[PDB]
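Okay, so here's the structure we're looking at.
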Amino acid sequence: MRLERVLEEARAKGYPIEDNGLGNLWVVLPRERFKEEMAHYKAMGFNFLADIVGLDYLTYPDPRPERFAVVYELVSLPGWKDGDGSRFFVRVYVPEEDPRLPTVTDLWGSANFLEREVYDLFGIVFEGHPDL
């Protein structure tokens with residue numbers, strides 16, 4: 001299955017794995033792996049970016065590595081070539097001193113609007129994504 005190939009790789013590369021209960025899976029990606037791993041996910045078959053959700057952790061009780069984190073939802077849509085129907089989540093923490101992330105508009109067209117709504121709400125600049 002396309003899912004296990006992402007988790008088996010997640011352990012192999014050292015990414016944290018959250019198991020919200022369950023069938024929904026989180027893959028925490030450092031900013032250094034983000035741009036390449038996302039394109040790798042598209043190459044693996046995750047041809048649909050369902051949702052991008054930002055997060056401000058300043059009010060939640062327990063702390064996070066950084067204040068900001070941006071959540072990505074990847075789907076391998078039903079249909080062909082061999083759309084498995086797979087779905088998982090990609091989280092990457094963003095430091096509030098350097099609130100920048102690589103864009104994925106060159107990977108999924110739905111990112112242009114999704115990355116814009118996160119920018120307007122949280123001020124997290126996505127480089128390459130055109131603004132002005």
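Residues in the structure tokens are numbered from 1 in each chain, the chains being A, B, ... in the order shown, and ligands are numbered from 1 in the order shown.
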
Name the residues of segment 25-100 of chain A that fall into strand (DSSP E) according to DSSP on the backbone, using the chain letters and numbers of this document, as a VMD selection string.
-> chain A and resid 26 to 28 48 to 56 68 to 75 87 to 94 100

Could you please write out, as a count of residues only, every residue of chain A that DSSP assigns to helix (DSSP H, G or I)?
-> 38

Proximity to residue 38 of chain A - best of A:25, A:53, A:132, A:107, only C-alpha atoms |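 Smallest distance to residue 38 of chain A is found for A:107.
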
Nearest-residue call for residue 79 of chain A, choices A:6, A:20, A:97, A:48, using only C-alpha atoms = A:48

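The residue set within 12 Å of residue 64 of chain A, counting only C-alpha atoms and dropping same-chain residues fewer than 3 places from it, reads residues 28, 55, 56, 57, 58, 59, 60, 61, 67, 68, 69, 91, 92, 93, 94 and 95 of chain A.
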
Residue nearest residue 34 of chain A among A:103, A:86, A:76, A:47 (counting only C-alpha atoms) | A:103

Quote the spacing between atom CA of residue 41 of chain A and atom CA of residue 117 of chain A in Å to one decimal place.
->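 Rounded to one decimal, the two atoms are 22.7 Å apart.
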
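Reported to one decimal place, the separation of atom CA of residue 85 of chain A from atom CA of residue 26 of chain A is 16.6 Å.
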
For residue 23 of chain A, find every residue with an atom within 12 Å (counting only C-alpha atoms), except residues of its own chain fewer than 5 positions away, and show them as an mmCIF file with C-alpha atoms, in the first residue's frame.
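Output below, filename selection-v6.cif:
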data_model
loop_
_atom_site.group_PDB
_atom_site.id
_atom_site.type_symbol
_atom_site.label_atom_id
_atom_site.label_comp_id
_atom_site.auth_asym_id
_atom_site.auth_seq_id
_atom_site.Cartn_x
_atom_site.Cartn_y
_atom_site.Cartn_z
ATOM 1 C CA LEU A 3 0.647 4.458 3.038
ATOM 2 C CA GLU A 4 3.131 1.954 4.471
ATOM 3 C CA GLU A 18 1.763 10.677 15.297
ATOM 4 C CA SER A 86 -4.496 6.892 0.302
ATOM 5 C CA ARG A 87 -4.424 9.835 2.696
ATOM 6 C CA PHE A 88 -2.057 11.060 5.405
ATOM 7 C CA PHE A 89 -0.836 14.324 6.911
#

What does the distance between atom CA of residue 101 of chain A and atom CA of residue 78 of chain A come to in Å, to one decimal place?
->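 Between these atoms lies a distance of 29.1 Å.
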
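Of the listed residues A:112, A:62, A:45, A:96, the one whose atoms come nearest to residue 74 of chain A is A:45, with distances taken using only C-alpha atoms.
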
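Minimum atom-to-atom distances from A:108, A:113, A:72, A:46 to residue 29 of chain A were compared using only C-alpha atoms, and the lowest value belongs to A:72.
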
Which of these, A:99, A:14, A:109, A:65, has the shortest distance to residue 123 of chain A once you count only C-alpha atoms?
->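 Looking at the shortest contact to residue 123 of chain A, the residue is A:99.
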